[PDB]
Every structure is written in C-alpha cells, then in structure tokens.
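**Q**
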Amino acid sequence: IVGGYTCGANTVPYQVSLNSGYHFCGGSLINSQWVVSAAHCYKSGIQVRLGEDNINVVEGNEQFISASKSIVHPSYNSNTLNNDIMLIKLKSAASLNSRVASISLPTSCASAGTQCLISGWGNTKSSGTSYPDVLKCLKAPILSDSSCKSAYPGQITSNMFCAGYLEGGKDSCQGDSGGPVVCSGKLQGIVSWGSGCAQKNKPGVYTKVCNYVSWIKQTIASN
Ligand SMILES: C[C@H](NC(=O)[C@H](N)CCc1ccc(O)cc1)C(=O)NCc1ccc(C(=N)N)cc1
Ligand SMILES: [Ca+2]
C-alpha cells in the first residue's frame, strides 16, 4: 500500500496473509473454513495466517492453518487477468473471534464514488521498494468504468473495476495481491493488477467480486 496509513493491530480482522515460507499475498476470510484471494496468487504450499498484524513477530492472536484445497476460477485467464479470483479451503476451521472474523460478500455491485478500505503488507513505495511488517490501510473511491477503461485501453473487462486516485500517490502495490477492497461492509474487490503503483493516471485494478458471489456460494456449499 502506497500513501496509506498503519491500520492498527487486528483492526481489519478479515485480512489474511498467505505464507509459503514468507508472506506472498493477501486474502479475505469469508467463513471459518474459506478464504478468497486472487487467482494470480495460486501456488502450492500455502499456509493461511489469520489474526496477523506484524507478520515477522508472534504477537499472540495468530492462527496458522494449512490450505487443504485451492480452486482457481474456472475461467481465469492469466494472460489478461480476467476472472482473477481463487478460493482456498482451510484444513481446519478457524476459531472466529474479534481479531479473526469473516467479511460479508456483496449482495449487489457498488457504484463509482463509493468509498472502500484496501489493505495489505505490500510495497509502500511508488518508486523502488520498502515492505512493511505491519498491516497498511488505504481509503479509496471506486472510479467510473469509463475512466478505468480510458486509463487502461484494451485491458479492462466487465469483471474488473478501478479504484484510487488518478493524480497518483495513493494505491495498492505488489504484495497486496489477493487482499480485500471492502466498501460499506462488503467485499467488493480483490487486489489484482495495475501499471506500476501510485502512478498518475494508472489507478489500481480490482477483481469485481459482486460478479462471483453465486460461484463462491455454490462452490463452498459443494466442497
Ligand atoms: C500479477 C499482476 N501483474 C500486473 O499488475 C501487471 N503489471 C499487468 C498484468 C496484466 C493485466 C491485464 C492484461 O490485459 C495484461 C497484463 C501484479 O503484479 N499484481 C500486483 C499489483 C499490481 C499493481 C497494483 C496497483 N498499482 N494497484 C496492485 C497490485
Ligand atoms: Ca504476527
């Protein structure tokens, strides 16, 4: 997260860290057994880390649980990042408490101008690199589809939306991948892609979760 602020420990209790020896992606807890993240985060050897603030220090509220199954969206296209969503089932159910809590799925899509909270442990610099160890947060509005498509001609699909600031300075970034965009209590987006980070006229692009709620619900019910 570039241009954000330190969230505060466990203030984003649905935020998970995906760990394969090291943090590599965010995700969002959607019930005690399931996390949703980005398909571009797919790999083997995933341990889900819940209740994290400092990902380098055991602070006392963590739960570490291995993935038992990962399901990349059936239509994910890695060339275009279309359908960039993946479900991860946990080997055992997380114990839900104030610091480890699910986030609701959309009941409908969200409109341009709606304000959202984006969070993660990704890069905090727009040029060069600096990775924080505590969770960072950013408030950002959803941008119009037309400004999104104008910023990224030939690359925005119906399963994507832009959020952030066209002026630059405030954005998600590498390492925030797969993490949440929460707007009025609903998980509307997943950190997906963009050109650089926090650059002028290059806002963040996010998976449009409202398009996937039926798939998520049916997949969880059958698995
Ligand atoms: C795997 C993904 N790749 C890209 O983003 C490429 N530059 C375009 C892919 C690509 C997409 C569509 C296409 O049609 C072709 C290639 C990535 O690195 N995500 C982390 C990220 C990146 C940016 C931001 C941000 N600035 N908000 C946040 C997290
Ligand atoms: Ca920790």
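Mapped onto PDB author numbering, the consecutive letters of the sequence shown carry residue numbers 16 to 34, 37 to 67, 69 to 125, 127 to 130, 132 to 184, 184A, 185 to 188, 188A, 189 to 204, 209 to 217, 219 to 221, 221A, 222 to 245.
Heads up, the beta-carbon is just placed ideally off N, CA and C, and yes, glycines get one too.
1. Report the partner residues of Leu-185 according to the DSSP bridge assignment.
2. Look up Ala-56 in the DSSP assignment and say whether it is helix, strand or coil.
3. Going by DSSP, which residues form a beta bridge with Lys-159?
4. Ligand 2 and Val-76: does any heavy atom of the ligand fall closer than 7 Å to the residue's C-beta?
5. Between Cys-22 and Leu-137, what straight-line distance do the alpha-carbon atoms span, to the nearest angstrom?
6. Could you tell me the distance, in whole angstroms, from the CA atom of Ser-116 to the CA atom of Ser-122?
7. How would you call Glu-70, buried or exposed, if buried means at least 16 neighbouring beta carbons within 10 angstroms?
8. Excluding the 5 residues flanking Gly-203 on each side, which residues of the same chain have their C-beta closer than 7 Å to its C-beta?
9. When you compare the stretch 189 to 200 with the stretch 235 to 245, are there three or more beta-carbon pairs, one atom per stretch, that lie closer than 8 Å?
10. Under the three-state reduction of DSSP, which class applies to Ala-119: helix, strand or coil?
11. Quick check on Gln-81: buried or exposed, where buried means 16 or more other Cβ atoms within 10 Å of its Cβ?
12. With a threshold of 8 Å, are at least 3 pairs of Cβ atoms found where one atom belongs to the stretch 161 to 181 and the other to the stretch 42 to 60?
13. For the stretch 18 to 32 and the stretch 138 to 158, state whether three or more C-beta atom pairs, one from each stretch, are separated by less than 8 Å.
14. If you measure between the beta carbons of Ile-103 and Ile-63, is that distance less than 8 Å?
**A** Per the coordinate set shown:
1. Against the sequence shown, residue 185 aligns to sequence position 166. According to DSSP, which records beta bridges pairwise, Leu-185 is partnered with nothing at all.
2. Here the question's residue 56 lines up with position 39 in the sequence shown. Helix.
3. Residue 159 sits at position 139 when you count from the first residue of the sequence shown. BP columns for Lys-159 point to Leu-137.
4. As a first step, residue 76 is located in the sequence shown; it is residue number 58 there, counting from the start. Answer for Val-76: yes, Cβ within range of ligand 2.
5. On the sequence shown, residue 22 is found 7 positions in, with the first residue counted as 1. On the sequence shown, residue 137 is found 117 positions in, with the first residue counted as 1. For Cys-22 and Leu-137, the distance between alpha carbons rounds to 10 Å.
6. Taking the sequence shown and counting its residues from 1, the one referred to as residue 116 is at position 98. Taking the sequence shown and counting its residues from 1, the one referred to as residue 122 is at position 104. Distance between the alpha carbons of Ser-116 and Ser-122: 15 Å.
7. To locate residue 70, count along the sequence shown from 1; it is residue 52. Buried is the call here.
8. Here residue 203 refers to the residue found at position 185 when the sequence shown is read from its first residue. The residues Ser-122, in chain order, have a CB closer than 7 Å to that of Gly-203 in the same chain once the five nearest residues on each side in sequence are set aside.
9. no
10. Working through the sequence shown from its first residue, we reach residue 119 at position 101. In the three-state reduction of the DSSP assignment, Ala-119 falls in the coil class.
11. If you number the sequence shown from 1, residue 81 lands on position 63. With 16 or more other Cβ atoms within 10 Å, it is buried.
12. Contact between the stretch 161 to 181 and the stretch 42 to 60 is not established, with fewer than three Cβ pairs separated by less than 8 Å.
13. yes
14. The residue you call residue 103 lines up with position 85 of the sequence shown. The residue you call residue 63 lines up with position 46 of the sequence shown. Contact flag unset, no.
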